[PDB]
Structure formats: C-alpha cells, structure tokens
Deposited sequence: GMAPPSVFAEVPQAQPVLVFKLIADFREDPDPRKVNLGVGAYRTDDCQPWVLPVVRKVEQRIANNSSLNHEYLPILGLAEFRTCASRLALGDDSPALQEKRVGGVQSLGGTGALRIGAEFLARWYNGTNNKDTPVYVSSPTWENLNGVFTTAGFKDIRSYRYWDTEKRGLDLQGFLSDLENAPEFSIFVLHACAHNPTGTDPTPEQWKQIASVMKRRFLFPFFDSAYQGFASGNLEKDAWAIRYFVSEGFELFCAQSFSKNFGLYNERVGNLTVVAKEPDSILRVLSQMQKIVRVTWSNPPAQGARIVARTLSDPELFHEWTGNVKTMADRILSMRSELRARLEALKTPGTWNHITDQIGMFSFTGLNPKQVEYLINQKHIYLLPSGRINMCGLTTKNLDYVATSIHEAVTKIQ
C-alpha cells in the first residue's frame, strides 16, 4: 500500500439498463418534431425583454399550475370551483410522481408510514418502482393488468387484486395510454375499478403522461381522472408535458392534488413546499412559461390541440396500417389489439423468441417484452415491418 485508499474503491458499476424502441414522437421522416405552437411561443418569449430570471416560487409559476390543473380536471370542475385543488410544478412527470410519493410516505395513512402497500400495474412504467422505493415505501406490489393470452386487459385479475388490497393502499393508475401495453380500461371498466377503490379507501395516484397525445382529444383522455373526482375521491395526478407539448428536455410537469376541502390543500401544499425546497429548491421557468402561455391563449390552445391531434393521427394511421398489413398477410392470431390499443406504445404480443428473430435476422430493434413505439413505423418501412412480423410469427 503506497497511497491512501479511494473512498470510491468499492462503488459498484450499476447494471446496464428500423428502431421501434424510441420513447418519443417521431415524424414519418424519423425526425423529432418541435410543435409549431411551441416554436411560436418560444419566439414570443425571446422577444419579451421584460422577463427576468429571478427564482420562481417554490411550488412554481402560478399561471402554469392553474392551467395545468385545469387541463386535467376540466375548466368547470366542481373541485376547482370549490377551491379544493392544489398544483405543484414539477420536473416532468417523474418529478411529480416523486414529490407525491415523498409526501405520502411522510403524511398519508399515518405519520412516516413506509408500510402502506403501493400497487403498480403488471407491467408498468419501468421507473415507477424506483421512484416509490426511493421515497421509502417498503411494500411495492403488482396488480394484474396485461393478459398475454387475450392481448388485452385482465379485468377480473385487476379487480381481484383491488378487492384483496389492504384498505388505504395506494394504486398508481395510468390515466390513459397505458405504458407499455397501450391497453386502457373502457369507461365501464373504470367505473368497476373506482367502485372497489371507493369501498376499500384505496388511494388513486394517477399518472397522466399522455393527455390528448393519447387519443387525439384532451377531454376524452382525462375522463377517468374527472370521473374519480366526480365520485368524491381525493387523489393525486402526476402530469407530464414532455410528450403532449414535445417539451421532453425542459422538464415540465405538475402534481395536481384534489382534497375534500380547501384547508387541506393549504396544509398539503405547505408540506409539498418543504419537500421541493430540499430536492430542486424551485422549478425551471422556460417550459412552464411555454405551457402557461399556450393554455391561457384560446388561439394558441386551439393551435396546440391541432398539433397534438396531428401526432395522435399519425400514430392512429400506423396502428390501422400495421393491422391491415398483418391481416392481409394471413398472419396467425388476432391483431385487433393493434388498433384497440391507445398511445405511442404497443405490446405486440410477440414472445422474446420472436423478438430475437426481428433483431438478429431482420434488424428491427424492439424490447424483449414485445413493446414497440408506433412512432418508429413509417409509410416507408411498414410493409417491411409487417412482412417481418409475419415471418416471426410463422417461422419462429
């Protein structure tokens, strides 16, 4: 020993974590797309020399928080009229989930109760377990969701897992465009889910990362959140603007809180502020400024809804086209899930074996789960993808 040992000497190397594996919108030319409305608002911001760079409030830009919560809940939401809604600007949807998880691990179902079960879908967003584990929750559980045989929602399994969940358990619910399956409950199925959650005092923590982006219509995509509000639930909703505004790298999110009465919102937000202060202090301005300007100008809002529907329509086109080509190519199995599914992501129903074939024989890159991003499909590669799927299904 010649030298003093490094304090990092034992740090482990963390485990490593046509392209159908993208996780962001792409055009038919395989390119990123800055939304036209975003470019317009960025120019207005750049031309406004009165804007300064002083710290935003801990909880964020007030106009953004109000507009974001209105987007999720609806302008005429009774919860908004009754002043029992709070909004915390966050670092994307991830930051909203994290702040909400930190709050619940400190103040929900007792004080510092790390034992409340947290239920996530099987499968779910890959980062969700880490967010809740880091907040201190010791008991993360799964609810049945994807049915591999029917290629759709295992409603009876989901319902049984709700019925068997301890009272006050937290359920993380994808509000629409479930990631990674693309399979959402219908409104009637949502009503059954809500009924069990109401009876068993289960806490809805909605993750709304694809509102409007999902189906092309922002109002339809928020229906489940608004239904839970109308049924009298208190809930959280972690909103991301990464996908529906294409503002991935500006880290724009909002945590909406719905409580029974206004005083509870004040106390909850006061604890939120403490959590934020020691995490990022206060949030960045640029992306929230873009969203606030867009949502508070009816002309910009209308332009934005058009841009969102353009993205959804290109995806809906790729879904309709892929299913038609697979059905035209005498492909075994049912493929109505390709168009029943909603959003960018689709569980194709292909086992890893069929997946390895597409990566090493045909050089389509997709995840072992069979998840594809429909934004990786184009008018130019569709017939090649569809044919290669037909070979993966009939040969391997």
*Counting from 1 along the deposited sequence, which stretches were left out of the model?*
18 to 34, 414
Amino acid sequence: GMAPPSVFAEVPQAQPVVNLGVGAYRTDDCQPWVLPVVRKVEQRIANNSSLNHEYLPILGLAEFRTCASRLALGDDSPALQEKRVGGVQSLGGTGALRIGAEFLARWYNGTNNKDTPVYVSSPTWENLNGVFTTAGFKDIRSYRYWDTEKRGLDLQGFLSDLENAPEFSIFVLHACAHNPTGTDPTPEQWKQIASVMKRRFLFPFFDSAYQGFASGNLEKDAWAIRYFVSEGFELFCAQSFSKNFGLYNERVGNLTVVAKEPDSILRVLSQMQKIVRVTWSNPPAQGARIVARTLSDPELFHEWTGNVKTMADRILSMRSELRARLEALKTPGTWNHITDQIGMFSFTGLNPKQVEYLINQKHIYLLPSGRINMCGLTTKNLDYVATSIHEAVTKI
From here on, numbers count along this sequence of modelled residues.
*Stretch exceeding the other in mean C-alpha B-factor - 131 to 139, 239 to 247*: 131 to 139
*Averaging the C-alpha B factors as listed in the entry, name the stretch that ends up higher: 310 to 318 or 263 to 271.*
310 to 318
*Identify, among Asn52, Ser369, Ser69, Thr339, the residue whose C-alpha carries the highest B-factor in the deposited PDB entry.*
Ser369
_Out of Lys220, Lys150, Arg106, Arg226, highest CA B-factor residue_ = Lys150
*Name the third of the chain's ranked CA B-factors that contains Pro57, choosing lowest, middle or highest.*
lowest
*By the record's CA B-factor, is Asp154 among the lowest, middle or highest third of residues in the chain?*
middle
*Could you tell me which third, lowest, middle or highest, the C-alpha B-factor of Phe213 occupies within its chain?*
highest
_For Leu73, the third of its chain into which the C-alpha B factor falls_ = lowest
*asked:* Please place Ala324 in the lowest, middle or highest third of its chain according to the CA B-factor in the PDB entry.
replied: highest
